[PDB]
Each structure stands twice: as structure tokens, then as C-alpha cells.
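Heads up: the structure comes next, in C-alpha cells.
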Amino acid sequence: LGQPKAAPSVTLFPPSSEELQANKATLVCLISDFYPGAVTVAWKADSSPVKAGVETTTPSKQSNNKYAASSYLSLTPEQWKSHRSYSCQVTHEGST
Amino acid sequence: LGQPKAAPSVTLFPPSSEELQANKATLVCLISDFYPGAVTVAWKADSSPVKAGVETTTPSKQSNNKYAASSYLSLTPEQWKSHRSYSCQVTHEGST
Amino acid sequence: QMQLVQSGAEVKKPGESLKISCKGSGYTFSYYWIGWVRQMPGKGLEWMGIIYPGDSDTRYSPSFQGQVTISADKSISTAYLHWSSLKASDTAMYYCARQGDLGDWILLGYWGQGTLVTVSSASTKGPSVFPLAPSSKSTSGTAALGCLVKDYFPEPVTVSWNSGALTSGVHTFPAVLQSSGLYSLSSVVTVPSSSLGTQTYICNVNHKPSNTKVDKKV
Amino acid sequence: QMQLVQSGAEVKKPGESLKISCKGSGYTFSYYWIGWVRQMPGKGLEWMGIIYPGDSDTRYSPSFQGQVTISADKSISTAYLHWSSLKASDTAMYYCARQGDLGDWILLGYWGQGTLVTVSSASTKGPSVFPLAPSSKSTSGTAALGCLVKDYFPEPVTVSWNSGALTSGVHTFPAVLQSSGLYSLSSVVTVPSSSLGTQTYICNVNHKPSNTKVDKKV
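Protein chains in written order, with the deposited numbering: chain R, 127 to 222; chain J, 127 to 222; chain O, 1 to 9, 11 to 30, 35 to 59, 62 to 72, 74 to 111, 112A, 112 to 148, 150 to 226; chain G, 1 to 9, 11 to 30, 35 to 59, 62 to 72, 74 to 111, 112A, 112 to 148, 150 to 226.
In C-alpha cells, the structure reads:
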């Protein structure tokens, strides 16, 4: 014990261009700077839960005693332009 | 001395995905295999003449005694998805 | 000095033989029992069998009697671990241990460096680098530029910036095993918003098993 | 043997002086009038002025009175052409001529080799290759694949296919001068529709003034 808790950082990047050229799309959400190694990423499409093609792990960054996380949401490019920008939810301890 | 007349080309490529998905757009129409070095390219957007950002020349391809041509229509990518596929008109001798 | 050196990482496909080695030096390789311990990712240690360098006296685990064979070469002082008809569940970390000067004959006080053994039905495929454009529509905060490495079978992938420059700010995140067997990682760098593309902000991704040198800016 | 040798190609920027030379040998460099002729790319010949090797008797063109000065060195038998405050319109080919044994004193029967001067003050942009995808939605006829070379200032750009392979079918079209000063060309190849990507169908664009090696397939 003794390590203070830290709020996880939210960094959601929009789908890049070189991945959106052909029929391909991938949403990347970066979560890091959190001590408790327990986090589940949930994706939503305009207040609608979507869990089609999502994977998330909780590895260790370095000796900084904190962990990281990464999630990838793969879908079709037509599905991206059919709605607004997606949102990345952390659900580490509260709504973020 | 010259060469008897021929028929120009109507080769038109759609906007490439790598430039379409970015903040750019360029229509490329290839015209070649024509002897008379006199041709004006006119662009149309669903039966509407559009001449915003268009350049066309008539250089010489090789010693085959025939000339070539090239036209580029630069516009915004949102303008491409706002209408149907553009058309390339040659107006060499007739409607083609 | 007593030390145990093992072979490099071996990555194969199910249905193919594999024979890793682990050489020991600094001691008399005729009286110390050599063994192998399996460690699955996220699981505990699993003992398979032990061997004797002097004569072939092999005592295998009841769950690994005919599933794996162990051998050694006393002439060169090197122990081997040969496999036959590998399966999808055989991917784990394997070590080579030896008894110490004190304790029982199966104490295994010393260990090795570890050999990463992974098996999968997917084949090698060159990664495709996708430059992750920053938040150009919302510059509130600090800019973050990076590239997306995806569609690559081998796990070890090194990503640098400007041929090794820009040490501060770059944070490489480990990849994730997708359903198709291909991994995908992401590396970004925290830069000020007023410094968009200072020199070049170019990515550098290297892939040794495929020999693909992809350099791209953003 | 009489011959005229000039200096090598000089590439500079406007706002900097330039002094090319043209040495003549094989004859008495004291009685033959030496002059310079300007030739713009795609234009005709333009006379600027002449000099006398014996004494300074300079007769410049009425449109090049104070725009350029001409001098020579009788001790080494070498004529010079000095410039001051170059502009973007000074890019042209320059020759050195001399009178022959017969004709008038400004006949200029002999010539040299040619010194190409180019300044062209602009912004050298790196060429961005965009692979022109074929008509995948309508395969009627013959397939045509190519790449779009755009956003590049230097006009000479070489484009090949598969490191110089696929000679038949490739037709390179000359670029067009846009309003922003950057050129853009396109090179395609006529291939059967049933042969989409025979080996790789990869573009190869090289740019010497910027040293950009961009290779991208389609």
C-alpha cells in the first residue's frame, strides 16, 4: 500500500485518414495514469451501447507503479459516417 | 507533315481515397490519342457547368505525331459527397 | 561463474516440431540435475520433467509423460527440450533449472533467462502504419500525435520518433491479441498545441521478422 | 583549334550576385568581339551586349543597359558576365559568341556550349503520391491503375513501375502549371481487367531536388 490513487487519462483519437481510405475503420481510445489495475471500456454510439468488435487489456507501462489500457473498436467506414463521433467510457471508479 | 485525325480519350478517374478522405479533392481526366491539338475541357456537376479551379493544357506525348491533354478539378471533399460522380466532357469535335 | 544461457525466442505454428536448448556453464555439468518448468501466461508454474547429465534417468510429470521428451548433450554441456505435434495450448514460458550445492536433488535453486515460445495458426504479415492525426478541431489542452501499427503477427515491434529523438513525451502501449491473431499497438507523444510539427513529427516503425522499414509523418 | 569553354551550371536564389565565365582559346583574344545571348526556355534569342578584348568598348542592348554588366580579362583571355540583384525572370540559357574571319563585326559565327541559370524563387514542396484506384465499380473494358503526383515545385519528375518494369502500357503525361505555382502530372498503365495486381502494381516516384523516395502500391 501507500501508493496514492490517480485518475485515468482519457485520450480518444478520431479515425485516421490512412485507415479510412479503403473499407476499414478502427477507433482507438488510450487510458493510462491509473494505479488500480481494473478497468472495462464500454463504447456507445449516440447514447446506444455498442460492443461489436472490442478488446481491452490492462498491461503495465513501466516501473512508475501505474498501469495502462488500450481499446480498439473496428467497424465499417459507412458506419462511422452514419452517426456522430463516438465516446469512450472508462468506468474506472465513476463516470468519466 | 502531319497525321490524319483520330479520336480522343475520355479516361476519367474518381477521386483517390487517400486524397478524398483528407481535406482535399481532385478530379483527374485523361485525354490523349488525338491529333488536333485543340481541346477545351468543361466540367459539369449533375448537368450544372462548374469551372472553379480547372486547368488544362495540350502537350505532345511522343514522336507518334499525336498530342495529349490533362485536366484537374480541385475542390473540397464535402463537395464530392454532396452530388453524384462528376463527368468529363472533351468537346473535341462533338459531344463525347 | 555459474550461469545458464538459453536460445532465442521461437515462434512456430501448430503441427510443427520444436527443439529449444539451454546451455549451462561455470560448473561441472555431470552431477547437477537439469529440469524444465512451464509457465503459462497468467498461470502458475508447471513442472514437466528432469534429466541427469551423466546417464539418461528421466522422470517426467504424470501429465507430461508422452506429451514431451527431454534430452541433453554431456559432450557440449547443453540441455534440450524437443516437442512433437504442438498444439494451440503449448504457448508458454519455459525455463531451465538446476540443483544447488545445498538442499534436495529437485530443489532447483538456480534458474535461467527464459525462452518465449508462442504458437498460432496465423502467419506473418507486414504491419500497416496509420498516422493518427491529432485533434485539429479541438486544440484545447495539449496536442497528441502518433501512428497506428496494426495487422502484424510477431509481437516484438519497436517504434521510435525521428530516428530515436524526442525521448520525453513518447509512451508506447503494449499491443492486444485480437480475435484474428494479429496484434495492434499505439504510440503517442504529448506535445504543446502551439508546436504542431516542430521539425517533422515523423513516425519510425521497424519490423525485424518481415524487414519492413516504414517512415511516415503526420 | 578554336573552341569556347564555359563554366558549369549555377543554381542560386534572387538577391545574390552571379558572375559566369567563358574562356576562348586557339585564337588571338584581342581583336574578336565577345558577346552574350540570352535564350529563355521556350522563347527565342535575346542579345544583351558585346565587349572588345583590347579596350573597354561596351555596347549594351537598350533593354539591358543597366540590368547586366559584361567584362573580360585580356591577361588570361577569359570573358565574364556579372549579375547584380537577380530576379525571378532571369532564369534562361546564356551563350558566348565571337566573330569569325569573314562577315560583319557582330556576325557571331562561333558559339560555345551553354550555361543554364535558374533561380525560380518559390517554395519547394515535397511530392505527395496518391494512388489512383481503378474503376472497381465498373470493370467494363480494360483496367487502368496509376498514382497522382501533386504538390511539387520542380518540374522534372521521373515515375517508373516496379523499379523500371512494365514498359508497355505506361504513358506519362506532362504536368500542368497551377495557380499556386505547383505542378501535377499523372501516369497510368493499360492492363487487362482480369489481371488486377499481377505482381504488385506498385508506383515508383523519384524526386531529385528534394530527395524523397516514395513507393506505394494500389
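Note that beta-carbon positions come from the ideal geometry of N, C-alpha and C, so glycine has one too.
When Cβ pairs closer than 8 Å are counted between the two stretches, the region 132 to 148 of chain O is seen to touch the region 131 to 146 of chain R, the count reaching three or more.
By the neighbour-count criterion, in which 16 or more other beta carbons inside 10 Å mark a residue as buried, residue 167 of chain J falls on the buried side. Residue environment for residue 14 of chain G: exposed (fewer than 16 other C-beta atoms within 10 angstroms of its C-beta). Taking 8 Å as the cut-off between beta carbons, the residues of the region 135 to 164 of chain R near chain O are 137, 139, 140, 142, 143, 144, 145, 152, 154, 156, 158, in sequence order. At a cut-off of 8 Å between beta carbons, residue 179 of chain O contacts chain R. Using a Cβ-Cβ cut-off of 8 Å, residue 204 of chain R does not count as an interface residue toward chain O, since no Cβ of chain O sits closer than that to its own. The C-beta distance from residue 41 of chain G to residue 54 of chain G rounds to 7 Å, short enough to fall under 8 Å. Apart from sequence neighbours up to five positions away, the residues of its chain that approach residue 58 of chain G with a beta-carbon distance below 6 Å are 30, 35, 80, 82, ordered along the chain.
Residue 116 of chain O and residue 70 of chain O have their C-alpha atoms roughly 23 Å apart.
Contact note: residue 193 of chain J does not reach chain G at a C-beta cutoff of 8 Å; the least C-beta distance is about 10 Å.
Fully enclosed alpha helix (DSSP H) runs of no fewer than 4 residues occupy 203 to 206 of the region 135 to 214 of chain R, in order along the chain. At least one CB of chain O lies nearer than 8 Å to the CB of residue 187 of chain R. When Cβ pairs closer than 8 Å are counted between the two stretches, the region 198 to 218 of chain R is seen to touch the region 166 to 185 of chain R, the count reaching three or more. Setting aside the 5 residues that flank it on each side, residue 103 of chain O is surrounded in the same chain by 42, 118, 119, 121, each with a C-beta closer than 6 Å to its C-beta; the list follows chain order. Interface annotation, residue 139 of chain O: in contact with chain R, CB-CB separation under 8 Å. Distances from the CA of residue 181 of chain O to each of R/220, R/137, R/200 were compared; the closest alpha carbon is that of R/137. Setting aside the 5 residues that flank it on each side, residue 177 of chain J is surrounded in the same chain by 168, 169, each with a C-beta closer than 8 Å to its C-beta; the list follows chain order. Using a CB distance cut-off of 8 Å, residue 217 of chain R does not count as an interface residue toward chain O. Residues of the region 150 to 161 of chain O with a C-beta atom less than 9 Å from some C-beta of chain R are 152, 154, 155, 156, 158, listed in chain order. With at least 16 other beta carbons inside 10 angstroms of its own, residue 192 of chain O counts as buried.
If you draw a straight line from the Cα of residue 6 of chain G to the Cα of residue 216 of chain G, it is about 25 Å long. Per DSSP, the beta-bridge partners of residue 214 of chain G are G/166, G/221. Looking at the backbone, the Cα of residue 113 of chain G and that of residue 38 of chain G are separated by about 7 Å.
DSSP, read as helix, strand or coil, puts residue 140 of chain O in coil. Within chain J, the residues placing a beta-carbon under 9 Å from that of residue 194 of chain G are 139, 154, 156, 196, 198, ordered along the chain. Minimum Cα-Cα distance from residue 21 of chain O among the listed residues O/2, O/134, O/124, O/84 corresponds to O/124. A residue is called buried once 16 or more other Cβ atoms fall within 10 Å of its Cβ, and residue 106 of chain G is buried on that count. In chain order, 201 place their CB closer than 8 Å to the CB of residue 146 of chain G, counting only its own chain and leaving out the 5 sequence neighbours on each side. A direct Cα-to-Cα measurement between residue 202 of chain R and residue 153 of chain R gives close to 11 Å. When rounded, the separation of the alpha-carbon atoms in residue 210 of chain G and residue 99 of chain G is 36 Å. When the alpha-carbon of residue 190 of chain G is set against those of G/206, G/203, G/157, G/44, the nearest one is in G/157. Annotation for residue 193 of chain G: the continuous beta strand (DSSP E) segment containing it runs 191 to 199. At a Cβ-Cβ threshold of 8 Å, residue 183 of chain J and residue 196 of chain J count as neighbours. Put simply, of O/49, O/47, O/87 the residue whose alpha carbon is nearest the alpha carbon of residue 63 of chain O is O/87.
Within its own chain, the residues whose Cβ lies closer than 8 Å to the Cβ of residue 128 of chain J, once the five positions on either side in sequence are excluded, are 161, 191, listed in chain order.
Shown here, residue 159 of chain G sits in a strand according to DSSP, grouped into three states.
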